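Presented as structure tokens, the chain that follows is alone, the form solved without coenzyme A.
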């Protein structure tokens, strides 16, 4: 039990990750498609967890999977307006949308993004990107909205995947790993691939509450720095 194979977070499927992070005995899966939505407690506090199964369709989002995430976030915001401090935790292993439902998937991402901003008037959303799929596409923009972004060494986070970059921008020009993101200030914590460590970081960040000056509110500063 002290060995990596039994302590690893990335080795777990999405449903196992969700069960492992929520307080013992609180895990309750809704709508039991490729996304797990679960209710539970996080250190005794009401919580909802959406976890994308990257092993299925590469975690590509469609109409149903997209609505599951958006709807979970929407109900958490509703809870908070009713005085219930529900916290949302997003496990983002995804590469984009399903071509066959492309515009429904994209519309759902816009709804997910809207719900994150609404909810973060009350509670921070924590996003965990652990790999092995990592987080690409429209959902990386969602990650960029979240109060806190936690990554592992095996995580990648970015807008465009490797293949679409090379096909559009070329084999080379004249980056997305968890360590790099942390070093450039685009992720808030760099985590060992260890279940207990991931769980504790998640709880510490929720207990921290809403950040005073998150990255999204620093446009003038980013514009200055890019201007350099």
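If you superpose the two forms and keep the largest set of C-alpha atoms that fall within 1.5 Å, you have the rigid core. Numbering follows the first chain given and starts at 1.
> Can you count, per the entry, how many deposited residues between residue 168 and residue 169 come without coordinates? Answer none, 1 to 3, 4 to 9, or 10 or more.
According to the record, the chain runs unbroken from residue 168 to residue 169.
> So, looking at the entry's B-factor column for Cα atoms, which has the higher mean, 18-26 or 210-218?
For C-alpha atoms only, the mean B-factor is higher in 210-218.
> Look over 87-95 and 154-162 in the entry and identify the one with the greater average Cα temperature factor.
That would be 154-162.
> Per the entry, which of 41, 172, 203, 186 tops the list for Cα B factor?
Within the set 41, 172, 203, 186, 172 shows the top C-alpha B-factor.
> Among 47, 51, 31, 198, which residue carries the highest C-alpha B-factor recorded in the PDB entry?
Of the options given, 31 has the highest CA B-factor in the PDB entry.
> For the chain shown, is the CA B-factor of residue 132 in the lowest, middle or highest third of its modelled residues?
Residue 132: CA B-factor falls in the highest third of its chain.
> According to the PDB entry, is the CA B factor of residue 100 in the bottom, middle or top third of its chain, that is, lowest, middle or highest?
For residue 100, whose C-alpha B-factor we compare with every modelled residue in the chain, the answer is the highest third.
> Could you place residue 82 in the lowest, middle or highest third of its chain by Cα temperature factor, using the values in the record?
For residue 82, whose C-alpha B-factor we compare with every modelled residue in the chain, the answer is the highest third.
> Going by the recorded CA B-factors, say which third of the chain residue 67 sits in, lowest, middle or highest.
Middle third by C-alpha B-factor.
> Can you tell me whether residue 37 has a C-alpha B-factor in the lowest, middle or highest third compared with the other modelled residues of the same chain?
According to the entry, residue 37 has a C-alpha B-factor in the chain's lowest third.
Just so you know, the form deposited with coenzyme A bound exists too; it's not on screen, but the next bit is about it.
> Specify the contacting stretch among 65-73, 161-169, 43-51, 179-187, defined as having any heavy atom within 4.5 Å of coenzyme A in the deposited complex.
In the other structure, the partner sits against 161-169.
> Within 4.5 Å of coenzyme A in the deposited complex, heavy atoms considered, which of 131, 95, 124, 144?
Spelling it out, the residue with a heavy atom inside the cut-off is 95.
> If you check in the deposited complex, is residue 201 within 4.5 Å of coenzyme A, heavy atoms only?
No, residue 201 is distant from the partner.
> Return yes or no for residue 6: a CA shift of at least 2 Å between the shown form and the other one, with the rigid core superposed?
Yes: residue 6 shifts by at least 2 Å between the shown form and the other one.
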